Amino acid sequence: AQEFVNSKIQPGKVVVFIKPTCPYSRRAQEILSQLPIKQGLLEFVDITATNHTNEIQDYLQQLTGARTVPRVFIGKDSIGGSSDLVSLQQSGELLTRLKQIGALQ
Ligand SMILES: N[C@@H](CCC(=O)N[C@@H](CS)C(=O)NCC(=O)O)C(=O)O
């Protein structure tokens, strides 16, 4: 799983890796769902509807370090899992990461 995630994560683009089954990944879908992100800039990547599930997480691991669900990526910069994203949203550092790249409206 190399060109898989690398082809989706790009500067000024938000992408979330989830597993439709664990409520934590859903939390990431629930929050960023309320974020005024540009057009098709925000997405939700179900590493299950593509097979090689372990290959992507195995890649998320080497790409970032943790293989937990979810796995968000503001631009090519990873922010962490779900508990990581929220910590940033309430802190406001999140929208900032979106601002420096212009991922928001
Ligand atoms: N709370 C974690 C995410 C929670 C999570 O994803 N836990 C389980 C699924 S809910 C996990 O990732 N398991 C990885 C596996 O099953 O291999 C974080 O924010 O990093």
# chains A, B, ... in the order shown; residues from 1 in each chain; ligands from 1

call {"tool": "residues_near_ligand", "arguments": {"ligand": "ligand 1", "cutoff": "12 Å", "atoms": "only C-alpha atoms and all ligand atoms", "output": "MDAnalysis selection string"}}
result
chainID A and resid 17:28 47:48 53:58 60:61 64:72 78:88

call {"tool": "atom_distance", "arguments": {"atom1": "atom CA of residue A:46", "atom2": "atom CA of residue A:29"}}
result
11.1 Å

call {"tool": "closest_residue", "arguments": {"among": "A:2, A:51, A:90, A:39", "to": "residue A:105", "atoms": "only C-alpha atoms"}}
result
A:39

call {"tool": "atom_distance", "arguments": {"atom1": "atom CA of residue A:36", "atom2": "atom CA of residue A:4"}}
result
26.1 Å
